[PDB]
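Engineer: What shape does this take:
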Amino acid sequence: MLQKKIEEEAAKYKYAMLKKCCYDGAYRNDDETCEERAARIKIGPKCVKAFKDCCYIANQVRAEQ
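Structural biologist: Numbers count the residues shown, from 1 in each chain. For reference, the structure is listed below:
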């Protein structure tokens, strides 16, 4: 489900800001609480969704590397 939601936002690359909300979740160099920062990233419902699923995969690969 999580990877499928990344794919449904980051497939439709015409929706540039919303897949870049994904990629705002994917720059996991903060290591603290990304959902408090995406309480501040309030740009749209799809933006928080892209951000949250990308942050979860990014956090779980950061827990590995």
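Engineer: Centre-most residue in the protein?
Structural biologist: For the chain, residue 51 is the residue whose C-alpha lies nearest the centre (CA atoms, centre = their mean; 2.3 Å).
Engineer: Spit out the contact partners of the nearest residue to that residue once chain neighbours are set aside.
Structural biologist: Nearest residue to residue 51, sequence neighbours excluded (CB to CB, 6 or more residues apart in numbering): residue 25, at 4.0 Å. Where you see a C-beta, it was placed from the backbone N, CA and C, and this is true even at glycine. Going by CB atoms under 8 Å, 6 or more residues apart in numbering, residue 25 touches 34, 38, 50, 51, 52, 53, 54, 55, 58.
Engineer: give me every residue that touches the first one.
Structural biologist: What it means is residue 34. Residue 34 sits next to 25, 28, 51, 52, 55, 59 when contact means CB under 8 Å, 6+ apart.
Engineer: Now the helix or strand hosting the first one - C-alpha only, PDB.
Structural biologist: Applying DSSP states H and E as the criterion places residue 25 in helix 16-26. The C-alpha atoms that make up helix 16-26 are tabulated as PDB, following Å, rounded to 0.1, in the frame of the first residue of the first chain:
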ATOM      1  CA  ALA A  16       5.000  18.300  -9.900                       C
ATOM      2  CA  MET A  17       4.400  20.000  -6.500                       C
ATOM      3  CA  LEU A  18       2.700  16.900  -5.000                       C
ATOM      4  CA  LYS A  19       5.300  14.400  -6.100                       C
ATOM      5  CA  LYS A  20       7.900  17.000  -4.900                       C
ATOM      6  CA  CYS A  21       6.000  16.800  -1.500                       C
ATOM      7  CA  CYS A  22       6.800  13.000  -1.800                       C
ATOM      8  CA  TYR A  23      10.400  14.000  -2.400                       C
ATOM      9  CA  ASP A  24      10.300  16.500   0.600                       C
ATOM     10  CA  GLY A  25       9.400  13.400   2.600                       C
ATOM     11  CA  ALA A  26      12.200  11.400   0.800                       C
END
